[PDB]
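Next up is one chain by itself, shown in structure tokens, the form deposited in one PDB entry.
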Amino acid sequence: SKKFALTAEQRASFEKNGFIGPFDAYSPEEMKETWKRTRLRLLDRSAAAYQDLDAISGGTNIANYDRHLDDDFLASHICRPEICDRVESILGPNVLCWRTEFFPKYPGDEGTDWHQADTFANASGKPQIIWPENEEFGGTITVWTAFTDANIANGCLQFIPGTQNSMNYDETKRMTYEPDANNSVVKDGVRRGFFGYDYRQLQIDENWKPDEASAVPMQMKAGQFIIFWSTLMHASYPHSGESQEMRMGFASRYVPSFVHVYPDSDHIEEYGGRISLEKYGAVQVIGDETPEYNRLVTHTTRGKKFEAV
């Protein structure tokens, strides 16, 4: 009954395909203006949850994590009813935003590798989210918002429909780090990579390949968002550099509050080091009940409440 709830037909399509949308959070004009201001603000990490990131060596997107914990706009964004009423339709009455991540594609950048994520296992094989072990559910609902236009030419997302119910990768396997890939590694005809790593190295079967012939593009205008299971096969196109503007996506990740977030961990464990979770918490964006085993925050590190404005 909530204003932006998924219709029954949208809920059915989400169940079949593993994604639904795009939907509008902002007009393109509002998004363009907001991102202009926000991009400049984010250069200042003085209030960021994670400090001393220079101690983490090798490949890591950690600098793009969890800026909602310090930023005024992002703190509202993760709580937008346009997003949350739809996540509620899938995840129920009590839901946490446990992770956010920026995905820049600069002109010429490689496409994101085909991947699925279920446990979000850390460097030591330890899951960062755990669902009830007596049940068959896994992963997180990803809401990917286009902070810029997202088109094939600048590296929009792509999905293989209906692949969210079986994992092709083992997140406890180890990838090797390539500092000098130069966005140049061609994988079945497409430049792809994973932050210096190769997600193919996580495959359960080394000889298996994604059903890329069945991939579908997801072009989006600035201010739109797409909702998908992290367990769905997903990737992005390369940025051809035809446009000299970078593409920016912002992912917010949601789990029901009964899911254990960073269980038995006081750090994000990357290949190159540990990042303290001292100033981390999950944000309760829907409902008001969460079990005590999940650490919550109610405000950013600059005292801005997590609520939609």
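Rigid core here is just the name for the largest C-alpha set that superposes within 1.5 Å across the two forms. All residue numbers are counted from 1 along the displayed sequence. Shifts are known only where both forms have a C-alpha.
Not pictured, yet referred to below: the form deposited in another entry.
Once the two forms are fitted on their rigid core, between this form and the one not shown the CA displacement reaches 2 Å or more only for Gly125 among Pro93, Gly125, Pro217, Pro132. Relative to the superposed rigid core, the position of the CA of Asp109 differs between this form and the one not shown by less than 2 Å. The rigid-core alignment places the CA of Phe73 less than 2 Å apart between this form and the one not shown. Shown in the overlay between this form and the one not shown, fitted on the rigid core, is a CA shift at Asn182 of 2 Å or greater.
CA of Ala153 to CA of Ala181: farther apart by 3 Å or more in the other form than in the shown form. Compared with the form shown here, the C-alpha atoms of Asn122 and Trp229 sit at least 3 Å closer together in the other form. Against the superposed rigid core, the consecutive-residue runs (3 or more long) showing CA movement of at least 2 Å between this form and the one not shown span 122 to 126, 176 to 184, 269 to 274.
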